[PDB]
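The block underneath contains the structure these notes are about, expressed in structure tokens.
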Amino acid sequence: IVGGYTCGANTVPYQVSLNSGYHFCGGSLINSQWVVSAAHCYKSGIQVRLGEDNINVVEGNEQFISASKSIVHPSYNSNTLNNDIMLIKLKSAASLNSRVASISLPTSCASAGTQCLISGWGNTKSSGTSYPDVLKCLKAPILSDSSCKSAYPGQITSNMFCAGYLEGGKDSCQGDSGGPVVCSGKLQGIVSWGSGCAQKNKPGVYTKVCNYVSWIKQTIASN
Ligand SMILES: NC(=[NH2+])c1ccc2[nH]c(-c3cc([C@@H](CC(=O)[O-])C(=O)[O-])cc(Br)c3[O-])nc2c1
Ligand SMILES: [Ca+2]
């Protein structure tokens, strides 16, 4: 997260860190046994880390659980990042409490201008890599479809939305991929891609979760 602030330990209780011997992507806990992340974060050997704040130090509240299976959307296109969503089933259920809790799926899509909270342990520099130890937060608004398409002509599908600041300076970045975009207490987006980080006129692009609620429910139900 570039231009964000320190969230504060466990203030984003649905945030998870996907670890394969190091932090590589974020995710969101949607129930005690399932996490939603981005399909481009797929790999084998994933350990899901819940109740984290400082990813380099065990401080208490952490729960490390191996992923039993990862289900990448069948229509995910790695070239366009269309349908960039994946569900991870945990080997055992997480113990939910105040520090570890799930986030609700939306019942409707959000409109442009809605303010949302984006969080993660991704790069904090738009020029160079500087990864933080603790969880960073950023409040960003969802942009209009016309500003989004103007910024990335021919690259935005109906399963994506832009959020951020066209003036640059504040945005999600590499390492934040797979993480949550929460608006009014509902998970509306998944950090997917962008051109660089926090560059002027190049806002972040997010997977539009409201278009996948039925798929998520159907898939969880059958697995
Ligand atoms: N501006 C954003 N909102 C944004 C969000 C997620 C991103 N994820 C990435 C991202 C970048 C890489 C680099 C590779 C590198 O330098 O290691 C690349 O261009 O392929 C790789 C991944 Br995987 C990313 O998710 N950039 C991102 C930018
Ligand atoms: Ca820790």
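Note: hydrogens, waters and symmetry copies are ignored here, and every other heavy atom, side chains too, is used. Starting from 1, each residue takes its place in the sequence as its number. Read the numbers this way: they start at 1 and go in the same order the structure lists the ligands and their atoms.
For the 3.5 Å distance criterion, the side chains of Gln47 and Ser66 fail to qualify, holding no donor opposite an acceptor. With no hydrogens or angles considered, a side-chain donor-acceptor pair links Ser144 and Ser147 at under 3.5 Å. Inspection of the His40 and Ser192 side chains reveals no N or O donor paired with an N or O acceptor under 3.5 Å.
Each of the following atoms of ligand 1 lies closer than 4.0 Å to a heavy atom of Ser192: 6 (C). Under a 4.0 Å criterion applied to the non-hydrogen atoms of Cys197, ligand 1 contributes the atoms 1 (N), 28 (C). The contact set between ligand 1 and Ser177, taken as ligand atoms under 4.0 Å from a residue heavy atom, comprises 6 (C), 7 (C), 8 (N), 25 (O).
There is a protein heavy atom less than 4.0 angstrom from atom 16 (O) of ligand 1. At a distance under 4.0 Å, a protein heavy atom can be found next to atom 25 (O) of ligand 1.
Stacking of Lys208 on the aromatic ring of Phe161 is not recorded, the 6.0 Å distance cut-off and the 45° axial limit not both being met.
For the Ca ion (ligand 2), the set of nearby N, O or S atoms under 3.0 Å includes none belonging to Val58. The Ca ion (ligand 2) has an N, O or S atom of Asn54 under 3.0 Å away, backbone or side chain. Backbone or side-chain N, O or S atoms of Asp53 do not reach the Ca ion (ligand 2) at under 3.0 Å.
Ring geometry, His73 versus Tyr212: the interplanar angle exceeds 60°, so the pair is classed perpendicular (tilted spans 30 to 60°).
The distance from atom SG of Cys173 to atom CH2 of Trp193, rounded to the nearest 0.5 Å, is 14.0 Å. Taking CD1 of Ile30 as the reference point, atom CD1 of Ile88 lies at 10.5 Å (rounded to 0.5 Å).
The name of the N, O or S atom in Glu62 nearest to the Ca ion (ligand 2) is OE2. Nearest N/O/S atom of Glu52 relative to the Ca ion (ligand 2): this is OE1.
A ring-centre distance under 6.0 Å is not found for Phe24 and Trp121.
For atom 27 (C) of ligand 1, the nearest non-hydrogen atom from the set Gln174, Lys202, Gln199 comes from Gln174. The option with the heavy atom closest to atom 1 (N) of ligand 1, from among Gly194, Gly204, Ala198, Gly196, is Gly196.
In terms of polar-atom proximity, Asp171 is counted as a contact of ligand 1, with an N or O under 3.5 Å from an N or O of the ligand.
Taking a 6.0 Å sphere around NZ of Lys139, one finds it holds 12 or fewer heavy atoms contributed by other residues, nucleotides or ligands.
Within the 3.5 Å criterion, the main-chain N or O of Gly128 finds a donor-acceptor partner in the side chain of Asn123.
Protein heavy atom nearest atom 23 (Br) of ligand 1, with residue, atom name and distance: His40 CD2, 4.0 Å. Counting only heavy atoms of the protein, atom 2 (C) of ligand 1 lies nearest to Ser172 O, 3.1 Å.
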